[PDB]
Amino acid sequence: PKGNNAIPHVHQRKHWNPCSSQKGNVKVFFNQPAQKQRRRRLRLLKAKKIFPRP
Amino acid sequence: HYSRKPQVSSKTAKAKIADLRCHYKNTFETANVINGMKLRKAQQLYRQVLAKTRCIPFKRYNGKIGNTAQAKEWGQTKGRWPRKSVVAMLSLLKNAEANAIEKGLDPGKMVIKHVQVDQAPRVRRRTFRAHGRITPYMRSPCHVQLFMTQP
Amino acid sequence: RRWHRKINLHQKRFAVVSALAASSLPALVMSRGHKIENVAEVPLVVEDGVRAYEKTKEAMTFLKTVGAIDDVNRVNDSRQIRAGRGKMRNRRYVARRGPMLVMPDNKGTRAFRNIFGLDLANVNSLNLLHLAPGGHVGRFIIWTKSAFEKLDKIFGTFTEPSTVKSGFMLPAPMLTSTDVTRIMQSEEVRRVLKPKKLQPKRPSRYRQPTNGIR
RNA sequence: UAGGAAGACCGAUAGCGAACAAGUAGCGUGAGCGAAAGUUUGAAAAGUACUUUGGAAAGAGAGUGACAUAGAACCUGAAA
RNA sequence: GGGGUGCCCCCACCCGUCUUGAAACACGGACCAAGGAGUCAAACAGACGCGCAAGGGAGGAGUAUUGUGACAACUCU
RNA sequence: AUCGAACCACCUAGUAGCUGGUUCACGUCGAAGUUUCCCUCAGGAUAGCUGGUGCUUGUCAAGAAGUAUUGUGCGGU
RNA sequence: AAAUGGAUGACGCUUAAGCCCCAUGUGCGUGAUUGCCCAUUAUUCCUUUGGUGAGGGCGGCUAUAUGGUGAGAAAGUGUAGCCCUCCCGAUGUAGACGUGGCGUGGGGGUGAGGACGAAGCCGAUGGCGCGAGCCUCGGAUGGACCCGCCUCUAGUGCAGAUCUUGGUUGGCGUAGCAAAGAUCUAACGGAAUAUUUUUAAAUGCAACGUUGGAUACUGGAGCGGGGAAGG
RNA sequence: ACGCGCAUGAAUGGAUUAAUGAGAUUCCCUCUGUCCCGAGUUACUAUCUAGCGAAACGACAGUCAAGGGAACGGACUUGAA
RNA sequence: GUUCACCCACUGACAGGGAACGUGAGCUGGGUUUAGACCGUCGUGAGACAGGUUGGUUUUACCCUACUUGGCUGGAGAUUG
RNA sequence: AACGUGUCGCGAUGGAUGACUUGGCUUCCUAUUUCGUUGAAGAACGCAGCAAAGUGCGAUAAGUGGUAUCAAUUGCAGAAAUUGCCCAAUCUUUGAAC
Ligand SMILES: [K+]
Ligand SMILES: [K+]
Ligand SMILES: [K+]
Ligand SMILES: [Mg+2]
Ligand SMILES: [Mg+2]
Ligand SMILES: [Mg+2]
Ligand SMILES: [Mg+2]
Ligand SMILES: [Mg+2]
Ligand SMILES: [Mg+2]
Ligand SMILES: [Mg+2]
Ligand SMILES: [Mg+2]
Ligand SMILES: [Mg+2]
Ligand SMILES: [Mg+2]
Ligand SMILES: [Mg+2]
Ligand SMILES: [Mg+2]
Ligand SMILES: [Mg+2]
Ligand SMILES: [Mg+2]
Ligand SMILES: [Mg+2]
Ligand SMILES: [Mg+2]
Ligand SMILES: [Mg+2]
Ligand SMILES: [Mg+2]
Ligand SMILES: [Mg+2]
Ligand SMILES: [Mg+2]
Ligand SMILES: [Mg+2]
Ligand SMILES: [Mg+2]
Ligand SMILES: [Mg+2]
Ligand SMILES: [Mg+2]
Ligand SMILES: [Mg+2]
Ligand SMILES: [Mg+2]
Ligand SMILES: [Mg+2]
Ligand SMILES: [Mg+2]
Ligand SMILES: [Mg+2]
Ligand SMILES: [Mg+2]
Ligand SMILES: [Mg+2]
Ligand SMILES: [Mg+2]
Ligand SMILES: [Mg+2]
Ligand SMILES: [Mg+2]
Ligand SMILES: [Mg+2]
Ligand SMILES: [Mg+2]
Ligand SMILES: [Mg+2]
Ligand code: NA
Ligand code: NA
Ligand code: NA
Ligand code: NA
Ligand code: NA
Ligand code: NA
């Protein structure tokens, strides 16, 4: 039985979840630490090439 | 392998056959009747069954088979004359006799001391039934092992 | 699925401080499993000269001198093949955790690498996963003098805030004295305790009667 | 298309349909549908010469091997 | 003392299920092996654990690192 | 071998207030089939019955009682 | 006055073993106040388990080697319960909650075991626990890995779903193998014989191909001779 | 044949029709095992043997009377085999 | 089609009923109650009628018991003392 | 009696369990990284001493040429090269197919 709860508005009625019949619509961040290393490496390479410009 | 060990191995001959293409139930009755018999007596009985003068008693697998007057000597009423199983057992008894001769024993004094029949792997065929059905049609071979000792 | 977790910054610093204080108690070090029976003093502080080593033989001689070779021998004997499916997934061998050596920076470790059963640490970033392996406190730690002298600045005192962590100070104790048994047996407490009362004799054989009429 | 790093994942009815001559064998006029199956004997074939019964298949001996109740789709070998 | 197999006297309707009511002339039930069903994400509420408190906490990014390195550490008019 | 709307693949694990199933042990407690509203009558929401967590207290008794007595009112079987 | 043969439960009972009423041991008109039988009830005793549980001890100086007596004592919800006394409750569908409660795959720690034999499998192998289960023994089994404890994690426990996939099964040597007329004989071939030790028949049956002969069928809209489609 | 026809009737066709029909109904001749009332015979089965060899179904099982019970029991109570 | 009904005839007499309104793995399939089709009445129509009419697959026993026949064989401490 | 029932030892039938794993699934990174009328992708037919499938190759057909390495291949032959990489070539009948 429902009691005294807030009225839910969860907004999840489209096909976002990948299943056997749907491609889905999602985004994850498993590449976050690898991309952090890549951006720093590019900045260091660019500094070496354009030396001594700021 | 053999399921029993003869007490005196020197005076004992053995023989066996595997995947014999004979009905297991028929061979079961044919081989079991000669346990405890003398070798010559067992050979005589098989020859008389081929002549249809004596019969093999069916004791376990005998559901709704015919009655015979020749089964009274076994204290029973049901019996039959399976020729295919009998000729196979006669061949096996000849092999065991050859083993005894090579070992140096006398075949005229040997006594059968162990007989065993088991079910072998089955072979599959098929038969056609009404309304487009197919049902199995299987064959049931058997293994036979025995040995006899000289008292 | 939610693979990772968030932890409050203050709680993470709390855990590191507590695991460090546990390493100064020789009873807790022995309970975790380390062999420190030949160690001169705890916490163990050695001279800075160990950073100039270049040959592994010199490091082994130094470990035997300060008495830390018993723990590294214990790790050597414990090496064995893992039980179960884990040996099929690039986890074939297992071993125990030995002593940890703390250096002021990430330099001077060539002679101490390749020694089985020894761990290197940098005082500027201490890892709780290394200080309390398996969640159990009391790791055996060997300090260099330079790294030891930086502990006051890195973590701060009970009144002076730290200089490396923004506005961090050591948490105050809940009890001014942890020895509770002394308080219970002190003269001040025993003055106001209620007096003892006489107790009856022990019951003998010959069970007592109950029929008041017969 | 070439390469690398791996995993608190699955472990042959699981994991891709496919650990194997697998989009194969097979099915349907066709569009299409679609398996089963670890060759896991032994460190090494050293894979049982030879005697004897048998038309043969095989049986009884003998031999190799630590073990043959490890004998060839051969580790272990449960229940009905 | 325990275990196995009989025997004697006494006691004793077939399991699971829906149902007011099942031993039912109500349904599912030949046997064995291996599989087989309250999970993950997101918003909110209450109970309980932990840190700080008129304040609490970030995120995204950045600073320094073949080293247990996709971790851990640091980022304050 | 398909027709009061063929066959193949896909949307599709279509929805089902309806039928069937739902895997270890011991311990402390333990019901309801009634009220009001609903295109409601094989279903829900709502109060009641129950469990858990307690809070504030007391220790012979506060705001105790499915029971009597005394006094004082009500009634039309 | 009814449809199977049948019901004081049956047999039977008539100085009742029927109906109404009255009594009680040894001694029924002299023994006043219990004739006897049967409960998961009542009283009492022992043990367990849970409490709105109730009390007590816990600052270890009497003295003591082996070949006057020997072991424990934890300030504690929860145990192999810190220990000792005492009191009150204990069944239960749907349902709620508790458990230093049991079991499975893998991670972090700690401690072990193994070719003098790991996992797995087998059992008239016993012991422990209320129980889920745990441990030992034997193997005339196996041939290379695996477990105890604290924590983390999950594709984590089966008797049934006209459940899925394999295997096995009574029925059972049973039901049957009955349209299209039908074969016989000698010789040869074949391992398929003329097979006996313990006269000939009553102890090697049954069945196969070719050739010669016999018998019989198809009966030119043919079990004749040629083609297409399909193979 | 008759007609107050619940509710016959005119291309929602009315009335009648020789020939035709594996169409529905009644009667007659002939004929018969359809029957009174069954009997005898043949071929192939079943039945026995040699060879070969399934399926369906299958909680567990299988003697009755009365009783009560979910108001028609193989299991329960009492009796009888 | 009938249960029922009503007539003809014989007879001593042509009584009334039950057993899952006994009896379909015993038969039969005339009726009732699918799909085709005609008529009357009703309905705008698709169609309806407890109104009439004609045509319309009747499956399986080899299991247990019961019953009918048919045989083998122990047994009184009803297998033992 | 026989059939039938039960227990123990051994043997059949069957392929579970355990230990193994050149397979799968999921996430991350780096490039002088993106086909074809100069005939692609797909489809058919062939090629080895013994060669059915699969693999490689195209009438120069389990390969020709260059280069690095340095003695094999292996079931039996047979001889006295093989393996990795890649510039030079060959490349049957078709297919956008013209
Ligand atoms: K027969
Ligand atoms: K036969
Ligand atoms: K036969
Ligand atoms: Mg990216
Ligand atoms: Mg028959
Ligand atoms: Mg057929
Ligand atoms: Mg057909
Ligand atoms: Mg698979
Ligand atoms: Mg094996
Ligand atoms: Mg009902
Ligand atoms: Mg029930
Ligand atoms: Mg009933
Ligand atoms: Mg679903
Ligand atoms: Mg249900
Ligand atoms: Mg209660
Ligand atoms: Mg409304
Ligand atoms: Mg009575
Ligand atoms: Mg209870
Ligand atoms: Mg319950
Ligand atoms: Mg798992
Ligand atoms: Mg599961
Ligand atoms: Mg199971
Ligand atoms: Mg037959
Ligand atoms: Mg027939
Ligand atoms: Mg003719
Ligand atoms: Mg003719
Ligand atoms: Mg009209
Ligand atoms: Mg007109
Ligand atoms: Mg009209
Ligand atoms: Mg005509
Ligand atoms: Mg006609
Ligand atoms: Mg009855
Ligand atoms: Mg019944
Ligand atoms: Mg009636
Ligand atoms: Mg009837
Ligand atoms: Mg019928
Ligand atoms: Mg009828
Ligand atoms: Mg009937
Ligand atoms: Mg009709
Ligand atoms: Mg052209
Ligand atoms: Na018979
Ligand atoms: Na598959
Ligand atoms: Na029901
Ligand atoms: Na139902
Ligand atoms: Na219902
Ligand atoms: Na012809």
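Each chain gets a letter, A, B and so on, in the order its sequence line appears, and its residues count up from 1.
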**Asked** In whole Å, what separates the P atom of I:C49 from that of H:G3?
**Response** 37 Å

**Closest approach of B:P141 to B:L20 (non-hydrogen atoms, all atoms of both residues)** = CB-O, 3.3 Å

**Complete:** ring pair (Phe, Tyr, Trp, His ring centres under 6.0 Å) filter on B:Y137, not counting sequence neighbours, yields none

**Request:** Could you check whether C:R13 gets within reach of a base, just the sugar-phosphate, or nothing at all, counting any heavy atom under 4.0 Å?
**Result:** sugar-phosphate

**Partner check I:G12 against F:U15: Watson-Crick or G-U, both under 3.5 Å** = no

**Message:** Please pick, from H:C52, J:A19, E:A41, the nucleotide with the shortest atom-to-atom distance to any side-chain atom of B:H23.
**Reply:** H:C52

**Message:** So, with the rule that both contacts fall under 3.5 Å, do F:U59 and F:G14 count as a Watson-Crick or wobble pair?
**Reply:** no

**Message:** I need the CD1-P distance between B:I56 and H:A50, as an integer number of Å.
**Reply:** 11 Å

**Request:** Please indicate whether G:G50 is base-paired to G:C88 in either the Watson-Crick or the G-U wobble sense, using a 3.5 Å limit on both distances.
**Result:** yes

**Asked** So, are G:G78 and G:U193 a pair, meaning Watson-Crick or G-U wobble with each of the two distances under 3.5 Å?
**Response** no

**Request:** For B:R122 and H:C52, give me the distance from atom CZ to atom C1', rounded to whole Å.
**Result:** 16 Å

**Request:** Report the distance from atom CG of C:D105 to atom NZ of C:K150, rounding to the nearest 0.5 Å.
**Result:** 8.5 Å

**Message:** Whether G:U91 and F:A31 form a base pair should be assessed as Watson-Crick or G-U wobble, both distances under 3.5 Å. Do they?
**Reply:** no

**Request:** Using both distances under 3.5 Å as the test, list the Watson-Crick or G-U wobble partner of G:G98, or none.
**Result:** F:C26

**Asked** Expressed in angstrom and rounded to an integer, what is the separation of C:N127 atom CG from G:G108 atom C1'?
**Response** 13 Å

**Item:** Anti versus syn assignment for I:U79, with syn defined as within 90° of 0
**Value:** syn

**Prompt:** Reckon B:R129 touches a base, only the sugar-phosphate, or nothing at all at heavy-atom distances under 4.0 Å?
**Reply:** base

**Request:** Using Watson-Crick or G-U wobble geometry with both distances below 3.5 Å, tell me the partner of G:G133, or none.
**Result:** G:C128

**Item:** Closest non-hydrogen atom pair, C:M103 against C:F112
**Value:** CE-CD1, 4.2 Å

**Request:** Could you check if E:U63 and E:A73 make a Watson-Crick or G-U wobble pair, where both distances must be under 3.5 Å?
**Result:** yes

**Request:** Tell me what C:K196 touches on the nucleic acid: a base, only sugar-phosphate, or nothing, going by heavy atoms under 4.0 Å.
**Result:** sugar-phosphate

**Prompt:** Would G:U104 and G:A200 pass as a Watson-Crick or G-U wobble pair if both distances have to be under 3.5 angstrom?
**Reply:** no

**Item:** Distance below 4.0 Å between C:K165 side-chain N/O and E:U75 OP1 or OP2
**Value:** no

**Prompt:** In terms of base orientation, is G:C177 syn or anti, with the syn window spanning 90° either side of 0?
**Reply:** anti

**Asked** Contact class for C:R207 vs. all strands (heavy atom < 4.0 Å): base, sugar-phosphate, or nothing?
**Response** nothing

**Prompt:** With a non-hydrogen cut-off below 4.0 angstrom, is B:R4 in contact with a base, only sugar-phosphate, or nothing?
**Reply:** nothing

**Asked** More 5' along RNA chain E: C:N122 or C:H4, using each one's nearest nucleotide?
**Response** C:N122

**Asked** Base of G:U203 relative to its sugar, syn (within 90° of 0) or anti?
**Response** syn

**Asked** What are the residues of residues 22-46 of chain A, sorted by number, that bring a heavy atom to within less than 4.0 Å of RNA chain E?
**Response** A:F30, A:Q32, A:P33, A:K36, A:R39, A:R40, A:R43

**Message:** Just confirming the chi classification of E:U65, syn or anti, using 90° around 0 as the syn window.
**Reply:** anti

**Asked** How far apart are the C-alpha atoms of B:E29 and B:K78, what are their side-chain angles, what is the distance that settles it, and do they pass the salt bridge (charged side-chain N to carboxylate O under 4.0 Å, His left out) test?
**Response** CA-CA 12 Å; B:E29 310 289 359; B:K78 308 202 248 199; over 6 Å; no

**Prompt:** Can we call G:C13 and E:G4 a base pair, counting Watson-Crick and G-U wobble only and needing both distances under 3.5 Å?
**Reply:** no

